[PDB]
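Quick setup: the structure tokens below cover two forms of a single protein chain, split into structure 1 and structure 2.
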Structure 1
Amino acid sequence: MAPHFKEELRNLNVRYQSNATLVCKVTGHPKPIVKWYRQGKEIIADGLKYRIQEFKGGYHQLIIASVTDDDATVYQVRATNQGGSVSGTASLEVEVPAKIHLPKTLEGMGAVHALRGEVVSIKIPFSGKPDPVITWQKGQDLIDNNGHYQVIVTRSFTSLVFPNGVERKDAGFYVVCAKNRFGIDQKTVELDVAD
């Protein structure tokens, strides 16, 4: 009589830009009415980002289109009739391969044109969920923070900074790499220094 989840919502791991479909099977008499929520705020289907669907035998599903990290959160489904109300919950995690995104390239590489003494930042956006490990190299030498370079890593970009001002010797090829469980990506940036 009161609503029950005969098949409960499953936690999902979905690749970025795929559709995530959350499915459950509800029993109860009278037939329970189902509502869907993202972090406790009701989802009203719009036909585009969110589609809500029902099938004979008590099957309910929510399709979330083209998932991004913004969709990676907890969802609830609620089933109600005059006999009671109950919810179930699932998390969606969205897998985003580690990726370096060069805004501008010259010959397949980043290019920074600096003048001597200029405090240069080589700012490189990246993606990745799980958050990727970021590394920088000049040629075949790993860069970390020392007296010469500063590395900045935020949620969305990494910058290699020359806080003391660039020197002529700073010219060269810098390699930035992002790694997580879904892949490794690297790109090169050429820095040249003019007087």
Structure 2
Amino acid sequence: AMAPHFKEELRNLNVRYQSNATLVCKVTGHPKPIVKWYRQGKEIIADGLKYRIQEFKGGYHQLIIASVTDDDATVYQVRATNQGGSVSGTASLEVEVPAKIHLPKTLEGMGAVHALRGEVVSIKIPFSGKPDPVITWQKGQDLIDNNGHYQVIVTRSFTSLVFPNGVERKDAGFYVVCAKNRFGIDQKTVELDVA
């Protein structure tokens, strides 16, 4: 007769998008602990698709979380309970993904956006990365920032270059957008023309 114990304790996980995250722990106790899984304190009910639960002789318990989205990137709780007591281990699943820019349209290897003198143009450029990369924009030797002429919007998931006044003849040319995080760097050029 023995209270449940994590002979082996859940570990933190670092994975990439769309892969399988397996959280494992090992559990002794008599009898014979009931194990449940939780996500911010709501129970994970295995469905076979997104969440699967495996058990092996000797007290091994894994939760497999399939096709990791960043909604799955969170703190997980596990809990083992018998007559003797109740213990619970905590582990986080974080996503570690090198920076990458994703141009929706390219022409000749590069972004293109074709404007007219009037247009209020927004070069919307999605990106991936965990972190949460640092975005820069450049035009030649010029860095770009919200003062006067330009404004850069940077979000969790996209950065956009916008020309608050109408686009002019002079801002035509080549713009470089660059996303950098702990795990890699990516950069793309967008050509802008005005007719």
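Rigid core (definition): largest C-alpha set, two forms, superposition within 1.5 Å. Numbers given to residues start at 1 and step along the sequence of structure 1.
Comparing C-alpha positions between structure 1 and structure 2 after a rigid core fit, one residue in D141, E167, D131, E54 moves 2 angstroms or more. It is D141. Once the core of the two forms is superposed, the Cα of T68 has moved 2.0 Å between structure 1 and structure 2. Taking the rigid core as reference, the CA displacement of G183 between structure 1 and structure 2 comes to 0.5 Å. We note a C-alpha movement of 1.2 Å at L106 between structure 1 and structure 2, with the rigid core held in register.
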